[PDB]
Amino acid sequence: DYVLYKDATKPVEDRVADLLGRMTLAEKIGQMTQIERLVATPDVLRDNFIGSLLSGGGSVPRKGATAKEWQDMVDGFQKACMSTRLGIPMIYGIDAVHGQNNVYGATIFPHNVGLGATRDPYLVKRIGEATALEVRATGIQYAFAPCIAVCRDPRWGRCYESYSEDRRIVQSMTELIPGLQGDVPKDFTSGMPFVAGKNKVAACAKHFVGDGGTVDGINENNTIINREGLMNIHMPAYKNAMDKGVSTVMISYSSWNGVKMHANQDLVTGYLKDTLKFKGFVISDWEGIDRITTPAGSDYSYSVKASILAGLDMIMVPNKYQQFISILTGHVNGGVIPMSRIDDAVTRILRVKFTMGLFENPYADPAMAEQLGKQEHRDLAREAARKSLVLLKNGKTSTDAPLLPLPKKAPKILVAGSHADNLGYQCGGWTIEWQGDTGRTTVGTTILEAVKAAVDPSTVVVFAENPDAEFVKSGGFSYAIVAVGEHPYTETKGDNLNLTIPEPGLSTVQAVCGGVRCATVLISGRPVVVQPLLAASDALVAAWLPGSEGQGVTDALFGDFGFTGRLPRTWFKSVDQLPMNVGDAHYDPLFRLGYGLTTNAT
């Protein structure tokens, strides 16, 4: 007879109810299971009724794989899932945190910290629209973005994934969600999930909650703050995500006053679901439940019990799915976990899939392939790269002539630094590889290339990664652009207590600037010790992690546009002042939050 859930003309809730009612325990626990493609098989997906797959950082089909290759990989897994008794489509997730960053040829936008410096929410929303298009270009339908953590300590390896230390700014930047998922109807009830159609993707507000407030900025650590502060600083943006219909929420590895978020029923169920009335689905982080215990995994049984009872709906195992499914099954069969907990979880997961139209469009659209790296997206990224730059100095003394903007026509100029012609360094973490990489890892324009593409034909451009003072003094240069900074890094690898850039960096700038007026471009994912650099430079710009479009940097350096960016964070004098954010008692910053010198287009 008529199968309600397969009828695309019926209300979502009706379809969810109808489907849930036909599911066996194995099929329900299956929807709650997300596995890495690396361990996925047509059989595994089919026999285990897997409800979701994902690519962790760097998990790709081949290096340099095309958009069709991705589409073919996803469709391949989907066909397996579509062959199950019920034919429930799987949802594929990936970290498109600044463009479809794992994919070769994808547009790499500036990381979040730089986007906050723009103070332009509409721009960010536009990036979310381009990102969605480029993710769908590879056949993926779910992006683990945006990270709305409010980084309160630069020493945190993930501080560049935070728009700012000021919740008010992070709240405003949640416009990425409507960009990725599409605008919600005027009626829309806050808390409901939403995705416009096959050209949009499900989003994910992460990492619930307070992930940006751990002590000393130690990643995945403990966040010590009273409930007033947790709600005043780290919770706000989530309420905005609710109003904008974010489809999912990822739980943080971090703890709040000693309690693991992956096991906090009060926050996940009591607050996020019951209070904010989130109706989408809550997903864990990579082995998130494993790390509830210490050692991690030392008691997987407890991990599953605690996380599921806490309220989580879908688990990112992401490898040992047999162990996960087996253990959860046992608990349900034994009454440790009620069917209502399972049904609730499966209800939310199915609601999201039906709402985004997954049952109507389970497969990739080949016509979307060309969205990947579309020039207009790169132009957008270029605009964002430019708008994110923060000019911290433009002249050694009050009477000096402003070095910037630089003339496009000069007899001979010098471009130097470890970051002047290194695309990988320019993009930072989460680019091609998980921890990011060095060199020409994808399609883009480095600072050097951008310079060569901007100057007048008569302008000779010389490149020298690390020239000694002599080479510069006798080079006959009119001026120099030196680029130095941090190396790509992600998560814990990023935790840093000294926050000083790797060498050669300062030495190159001191060598170059000592020989000719220089404009230093600082590539970093957060504020770093900068007094020495300032001392040697005539002009210094904080470019953060610009992305693949280096011309955005030269668009400001040469005057095609004036600098407009303002600090999204506080720039400290020394690391032992930290923590130290705006509104603090001992606020003694080198540069207040909101600081930024400006220039006018020539």
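Numbers for residues come from their place in the sequence shown, where the first is 1.
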query = For the stretches 224-232 and 207-215, which has the higher mean C-alpha B-factor as given in the deposited record?
reply = 224-232
message = Mean Cα B factor from the PDB record: higher for 552-560, or higher for 573-581?
response = 573-581
remark   = Per the deposited B-factor column, the C-alpha that peaks among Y92, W430, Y479, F278 belongs to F278
Residue with maximal Cα B-factor (values as given in the PDB entry) among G105, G99, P295, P488 = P295
query = Lowest, middle or highest third: where is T248 by Cα B-factor in its chain?
reply = lowest
task = Pull the Cα B-factor of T438 out of the PDB entry and bin it into the chain's lowest, middle or highest third.
result = middle
message = Which third, lowest, middle or highest, does the C-alpha temperature factor of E465 belong to within its own chain?
response = highest
query = Mind checking which third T459 falls in for C-alpha B-factor across the chain?
reply = middle
note = So, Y122's CA B-factor, relative to its chain, sits in which third? The lowest
